[PDB]
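K.L.:
I am attaching a structure below and will ask some questions about it afterwards.
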Amino acid sequence: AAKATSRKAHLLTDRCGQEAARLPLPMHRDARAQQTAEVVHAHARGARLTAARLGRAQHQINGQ
Amino acid sequence: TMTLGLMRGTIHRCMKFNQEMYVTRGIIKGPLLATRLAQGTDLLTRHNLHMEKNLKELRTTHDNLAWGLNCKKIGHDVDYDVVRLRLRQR
Amino acid sequence: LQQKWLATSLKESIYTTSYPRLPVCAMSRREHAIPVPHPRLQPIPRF
Amino acid sequence: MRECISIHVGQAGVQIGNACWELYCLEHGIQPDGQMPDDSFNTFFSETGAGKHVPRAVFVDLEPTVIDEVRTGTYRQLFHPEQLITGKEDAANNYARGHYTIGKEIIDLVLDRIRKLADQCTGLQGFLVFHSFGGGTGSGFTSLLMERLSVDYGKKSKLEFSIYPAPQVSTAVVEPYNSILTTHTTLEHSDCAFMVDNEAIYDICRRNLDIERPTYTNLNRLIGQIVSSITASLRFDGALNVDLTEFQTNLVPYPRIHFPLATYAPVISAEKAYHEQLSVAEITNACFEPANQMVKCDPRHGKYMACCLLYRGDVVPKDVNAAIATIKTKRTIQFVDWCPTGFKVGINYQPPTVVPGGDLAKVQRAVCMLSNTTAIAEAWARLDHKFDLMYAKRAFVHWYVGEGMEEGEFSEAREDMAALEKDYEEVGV
Amino acid sequence: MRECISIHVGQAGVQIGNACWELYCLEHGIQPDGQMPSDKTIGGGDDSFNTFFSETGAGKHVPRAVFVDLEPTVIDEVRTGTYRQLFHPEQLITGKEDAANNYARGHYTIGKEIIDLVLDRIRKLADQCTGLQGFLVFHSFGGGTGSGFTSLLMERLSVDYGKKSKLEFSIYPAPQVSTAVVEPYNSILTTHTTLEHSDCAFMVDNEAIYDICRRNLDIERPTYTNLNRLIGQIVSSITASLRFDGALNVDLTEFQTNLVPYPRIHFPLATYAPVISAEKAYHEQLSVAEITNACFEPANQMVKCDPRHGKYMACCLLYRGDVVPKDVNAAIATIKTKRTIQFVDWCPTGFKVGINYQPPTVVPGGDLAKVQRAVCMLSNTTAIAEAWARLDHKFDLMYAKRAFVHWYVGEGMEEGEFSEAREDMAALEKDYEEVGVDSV
Amino acid sequence: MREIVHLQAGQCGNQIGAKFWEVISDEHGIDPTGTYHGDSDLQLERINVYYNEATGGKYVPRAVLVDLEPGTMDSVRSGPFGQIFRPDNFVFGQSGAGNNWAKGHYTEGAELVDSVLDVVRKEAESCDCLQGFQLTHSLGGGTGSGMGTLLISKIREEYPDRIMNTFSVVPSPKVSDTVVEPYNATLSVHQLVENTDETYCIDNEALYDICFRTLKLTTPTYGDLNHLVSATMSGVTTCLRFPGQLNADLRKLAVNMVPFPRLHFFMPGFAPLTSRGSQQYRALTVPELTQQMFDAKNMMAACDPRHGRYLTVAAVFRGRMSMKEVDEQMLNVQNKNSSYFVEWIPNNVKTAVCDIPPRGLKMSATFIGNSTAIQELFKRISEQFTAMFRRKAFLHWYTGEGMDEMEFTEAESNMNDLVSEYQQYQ
């Protein structure tokens, strides 16, 4: 009766307990910034190749 | 006794669980001090909300539990004294 | 052995006996300390 | 602007915070009233428009009869009334008492008073935390403080200096369960972490000094003589300086390995040091011999993998470097292969200050080495060996469960130790 | 020229007019006979007393006060006290029987014969003053005179003067310990008259002022008279800018301009910062940063609500003593940085400062310490919809079984107010969250 | 701040509660008019654990002293120390039980508990943060053995977190005072295991086998025997009342002495016990307070643990030395008698240090020993309760008082198994 009601209530409580990624991890600003600065160094080396070709052209033009 | 053991298991589980849930809200605040983090923290919100609903429920339930418990001990000792006095009459 | 043999501190907490007030002259002189007459380098720009 | 706000927790907090804060009153020029009868006090003391110097300290206990004595005796008007925090009942050799139930109404008054000192300090270098694993407040509340210290300050410097239990004797019984389960919280919540053991100061004080039959006060003075050399460079001038950021930089190669040791070199009596030369070679020999350490475990089984040296007084850089080049070469001492150089030196001009009523003499040279090694894998081995000897019969566990706690912390705090017991030979190899 | 005419209603009003007017006789050097010995004052312009006192034909200064009660036994202490010659005899009004914790008695039946005699004396102190800034009201929600008659006096202060300023600094009931039973029927039913017929309105709960004098001051076992002092320190700091010279003055119109954005929204929170004792004044310096941060501390408020649950809409800082505009603006920049204090999304600047040079005055037999500096702050918040909600909690709980309502009907009160003037409060319970909800 | 509210019961309860409050009164300097004429001010700091406050400098104890006939409290009101207790705090009946459980458990006890349960709620509620209660009765009467077990069972239901200790008096096993004293004892013990936090065990030939042999006496009164069980009784609450380096209280000892709530059966002792003519001939040093405790003579139970295992072992020290030379004896005793401890604990000896000695004395120590030497104590009740109950002896004193024979039968099975629960750890 009332005992059975309390039993089913505790059963629902245990259900909620078992029910307990969508959350921000405790630490992660680190990883995010890491990936971002890696993309940064990537585009950096891209521009680097570009300007190194630029300066080879520059030394050629200085010879000209 | 059986209902009391039930209450015990339930309450202790609940304690450890919401302790770890506050621990999780704490991890939140820590990482905090981006918009996806905000969404995760709103998730924390709804979660701990259902959590406190559960807490209030458990409180009231074990309250009713101990109430019926007192009622039981009352009737029992009443009839026990009744038996003893019947024996006295004998 | 006579000062050990022959004897109001029976009632004494160790914090009272082991930590008394030291003399006024045993205080350390700070010989090697950066002088404070010229104020130290501090970011007095409060930003 | 060089502040170091101290945290001391317990009956190891206040019996040590009495001795540590007695040295600084005579290291600088401080009357026990608080006044004075050239600015090194700004790390620890703070000013007012009356010349008073109030320390930047907190003393935390759950027992009034430890801190109702410091506010009774000699150094009484020195401490602010609110800087010393007291409970009303003690957590009584337990974890959950200290961690969940009783620790939750003293977690709030402290964090108001940590915030009031930290708002006063401009250039606050970082907090210092001294406590003991052997009690309720020192091991339950202290790990609760550092679980709520990392959210308020993040990467702010928090150093540990704990009183680990001794491997042969111990004061209690259930004391491993507090000592095991503190490390599950103080791994993610500790920057650097020293260790001492009181039997490894009992034998030193009777051998290396003539004073046998001591108290903890004659053990408290040498603990307070480590801490002066830790903050040595921040107040007095140096040929080379160190700082609070420097120790964890050169002694913590990995963030699950933050366990140095501590050793103080010239521990010789007020008479026996007065009749013998004490050169810089003759103090760096003491810190490497295995009978002088502040722990009871020999590094002959272990490998030194980072080091740090501190120096005081009458030191010349030539003789420092002449005796370093010997102890590199001797094969009683070996290093791991992956630390190529393995040292850090720091020189402070000011010689250390004699305490009236102590057991050390006027000296000119000193060394406070902090050498982490692999010979702490024989420290967690003994704190495990007597924990699964006694968890097999569930010998005390009912004290902990019904105190705002669940059972599952025990079965993971040992499995946390299993990973960190496996960590110390992968790095060790 | 810059007058302010106080009106104190009830036993709470009279016992506050015994602590407010003891402060103003040491602030300007008035002996309790009325005489002022020295014509010069130490920080003001030799006529600083005109906002409160007025010259007469004996060289005697008489206040601009009217004290009201429906009972003689609390004003006849004033008439035989130490200050019995300071007050004009018709500025202390008494009836013959009290309204006795009731609304209809003091509003409709008993309040009708003291509504006429008071308005003869209000129009005499308001015809002497050529420059009246506005009245002040010191009443109590849970009485019969401070609720029935004050709502009768507000309602007739509206038409006799129009859009003149009137402020009330009232005593709302405590959430836990109220001294009465039928206080919530009176407390709800006067919340209409503080919304229509009021221009600004503060609330003090004596349970909240008990929490300060026990904790910050070291008076275990305080009384009402260690609470009437701290309400005089709020009132004096509000009107200190009128009387004594300063760098930035703030009048009573620069209050209402800056912290009242909408005319249904005029309920801010009074807080006074350096409340410390002279054994704890010896220890801590009392700089501008240490006195502008303590107002934001929720343990120091003078009402039982926490503004971490609310959005700060506007603020009003008032600085007394040894403050420079350099350091007032220096510590305002710090509280913007912290994320514990949150402003609403439509108030980007959100402040107002007032600097008065005169340090606050200590009283003999008093309790505080003589300090260089001080702060009074009045911030209004969406953290008032929890104070109102702990009195619908206990009006409907009692009115569901129609308990005490026979007392009210037979004294002249129609049954409409027991269903209307809580739903009158339902809208202002609902306004305050909508005016603090984020933009779309 | 912390308080101890004190319960006594009977003739055992009042001839022990007359001498325990004599040693405490000498400790804090209390004369029999209430006032304070002591020397220092460590003697007035934590006095509120035991004494209340009144007009002037009067300090009247927190004492509940109960019997069922006032021929025991007529004496304790009329001793030297009889004007120190408040007169309301004695509770007396009219017709006592007198060596029968049931008479003072249902008939006369249970109608008297409704005024003792008012004198405890008037007096536990005066205290700010009460630590708990103590009881000291005997299991061989009808006043404390029946009704004192009925206040244990009916104060743990109103305040179920505050502490409950018992300086019980279990039967003397060899020469006994009463025939039917097994029946009073064995029905209390089942009533004792579920509603008591920690239990001492105080026997009276355990006191006789000390004072005969250790203090060399030939006129040992109970007024001598009540010193030996009030020297310990104030030797457990020392660090509440006096500071030290390392402290304890009643809560922290049972934390390290109750592995499981069926296991709280101690046996106490006391270090500095010598004669008056053997007094000056011994130096009062540290190893000579711990060579005496582990010996088989000092204990206050009449049970020898050479057959058993010291499960856990406590200690509480006095005098301004327990710091390094106690830590080479507690290390020595854990190694030399190496077969008297069980394997499954790291270490067993707990430690506290109070720095203030007992008056007229320099140093001391006190023992609280949780053992598997109490399962040979409860077997000599149930080898004489089964040598009585098969022939249904004296049973008409019990079935006509409202009990029944299954209640007698149940206290067999729930004490035969508690020996069979203790018996594995040997």
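By order of appearance in the structure tokens: chains A, B, ..., then residues from 1 within every chain, and ligands from 1 in the order shown.
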I need the contact residues of chain D against chain A, so if you could list those with any atom within 12 Å, counting only C-alpha atoms, and return them as a list in words, that would help.
P.N.:
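Close to chain A, chain D has residues 150, 151, 154 and 188 of chain D.
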K.L.:
Counting only C-alpha atoms, what is within 10 Å of residue 50 in chain B, bar same-chain residues fewer than 5 positions away, as a PyMOL selection string?
P.N.:
(chain A and resi 16+20) or (chain B and resi 45+55)
K.L.:
Tell me as a CSV table (one decimal) with N, CA and C atoms, in the first residue's frame which residues belonging to chain B come within 10 Å of chain D, counting only C-alpha atoms.
P.N.:
```
chain,number,residue,atom,x,y,z
B,8,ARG,N,17.8,3.5,3.2
B,8,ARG,CA,19.3,3.6,3.3
B,8,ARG,C,19.9,3.6,1.9
B,9,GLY,N,19.8,2.5,1.2
B,9,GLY,CA,20.5,2.4,-0.1
B,9,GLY,C,20.1,3.7,-0.9
B,11,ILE,N,19.1,6.8,-0.2
B,11,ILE,CA,19.7,8.1,0.4
B,11,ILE,C,21.2,8.1,0.1
B,12,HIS,N,21.9,7.0,0.4
B,12,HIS,CA,23.3,7.1,0.3
B,12,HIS,C,23.7,7.2,-1.2
B,13,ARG,N,23.1,6.5,-2.0
B,13,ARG,CA,23.3,6.6,-3.5
B,13,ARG,C,23.1,8.1,-3.8
B,14,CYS,N,22.0,8.7,-3.4
B,14,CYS,CA,21.6,10.0,-3.8
B,14,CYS,C,22.7,11.0,-3.3
B,15,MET,N,23.1,10.8,-2.1
B,15,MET,CA,24.2,11.7,-1.5
B,15,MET,C,25.4,11.6,-2.5
B,16,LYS,N,26.0,10.4,-2.7
B,16,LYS,CA,27.2,10.4,-3.5
B,16,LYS,C,26.9,11.1,-4.8
B,17,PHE,N,25.8,10.8,-5.5
B,17,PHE,CA,25.5,11.3,-6.8
B,17,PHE,C,25.4,12.8,-6.9
B,19,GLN,N,26.6,14.8,-4.8
B,19,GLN,CA,27.9,15.4,-4.4
B,19,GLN,C,28.7,15.5,-5.7
B,23,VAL,N,30.2,18.6,-7.9
B,23,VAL,CA,31.6,18.5,-8.3
B,23,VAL,C,31.7,18.9,-9.8
B,26,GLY,N,31.2,22.5,-10.4
B,26,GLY,CA,32.5,23.1,-10.0
B,26,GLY,C,33.5,23.0,-11.2
B,27,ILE,N,33.6,21.9,-11.8
B,27,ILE,CA,34.5,21.7,-13.0
B,27,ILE,C,34.0,22.8,-14.0
B,28,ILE,N,32.7,22.9,-14.2
B,28,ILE,CA,32.1,24.0,-15.1
B,28,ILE,C,32.8,25.3,-14.7
B,29,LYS,N,32.5,25.8,-13.5
B,29,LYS,CA,33.0,27.1,-13.1
B,29,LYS,C,34.5,27.2,-13.4
B,30,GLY,N,35.3,26.2,-13.0
B,30,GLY,CA,36.7,26.2,-13.3
B,30,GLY,C,37.0,26.4,-14.8
B,31,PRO,N,36.8,25.4,-15.7
B,31,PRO,CA,37.0,25.7,-17.1
B,31,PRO,C,36.5,27.2,-17.5
B,32,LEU,N,35.4,27.6,-16.9
B,32,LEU,CA,34.8,28.9,-17.2
B,32,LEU,C,35.9,30.0,-16.9
B,33,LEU,N,36.1,30.3,-15.6
B,33,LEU,CA,37.1,31.3,-15.2
B,33,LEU,C,38.4,31.0,-16.0
```
K.L.:
Could you list, as a ChimeraX atom specification, every residue within 12 Å of residue 283 in chain F, counting only C-alpha atoms and ignoring same-chain residues fewer than 5 positions away?
P.N.:
/F:272,274,278,288-289,362-363
K.L.:
Pull out every residue of chain B sitting within 7 Å of chain A, counting only C-alpha atoms, and send them as a ChimeraX atom specification.
P.N.:
/B:10,27-28,31,37,40-41,43-44,54,61
K.L.:
With a distance cut-off of 6 Å and only C-alpha atoms, select the neighbouring residues of range 165-172 of chain D, excluding the residue or stretch itself and same-chain residues fewer than 4 positions from it, and output the selection as a ChimeraX atom specification.
P.N.:
/D:197 /F:331,349-351
K.L.:
Between CA of residue 346 in chain E and CA of residue 436 in chain E, what is the distance, to one decimal in Å?
P.N.:
9.0 Å
K.L.:
Extract, using only C-alpha atoms, all DNA, RNA and protein residues at most 10 Å from residue 313 in chain D, discarding same-chain residues fewer than 5 positions from it, and format them as number ranges by chain.
P.N.:
C: 32; D: 238, 347-352, 363-366
K.L.:
Could you please tell me, as a ChimeraX atom specification, which residues of chain D have an atom within 6 Å of chain F when using only C-alpha atoms?
P.N.:
/D:65,92,169,171-173,215,386,389-390,395-396
K.L.:
Do you know which residues are at most 12 Å from residue 41 in chain F counting only C-alpha atoms, after dropping those on the same chain fewer than 3 positions away, and could you put them as a PDB file with C-alpha atoms, in the first residue's frame?
P.N.:
```
ATOM      1  CA  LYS C  11      50.691  23.625  35.761  1.00  0.00           C
ATOM      2  CA  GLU C  12      52.153  24.595  32.382  1.00  0.00           C
ATOM      3  CA  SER C  13      51.030  24.317  28.827  1.00  0.00           C
TER       4      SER C  13
ATOM      5  CA  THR D  72      45.814  33.128  25.055  1.00  0.00           C
TER       6      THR D  72
ATOM      7  CA  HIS F  28      38.762  21.678  38.609  1.00  0.00           C
ATOM      8  CA  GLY F  29      38.994  22.774  42.233  1.00  0.00           C
ATOM      9  CA  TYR F  36      35.982  27.919  42.910  1.00  0.00           C
ATOM     10  CA  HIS F  37      39.110  28.262  45.024  1.00  0.00           C
ATOM     11  CA  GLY F  38      41.673  26.905  42.594  1.00  0.00           C
ATOM     12  CA  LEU F  44      38.283  27.227  34.559  1.00  0.00           C
ATOM     13  CA  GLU F  45      38.538  27.113  30.747  1.00  0.00           C
ATOM     14  CA  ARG F  46      36.587  24.014  29.694  1.00  0.00           C
ATOM     15  CA  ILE F  47      34.654  23.538  32.901  1.00  0.00           C
ATOM     16  CA  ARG F 241      39.084  19.776  29.301  1.00  0.00           C
ATOM     17  CA  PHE F 242      42.851  20.306  28.953  1.00  0.00           C
TER      18      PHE F 242
END
```
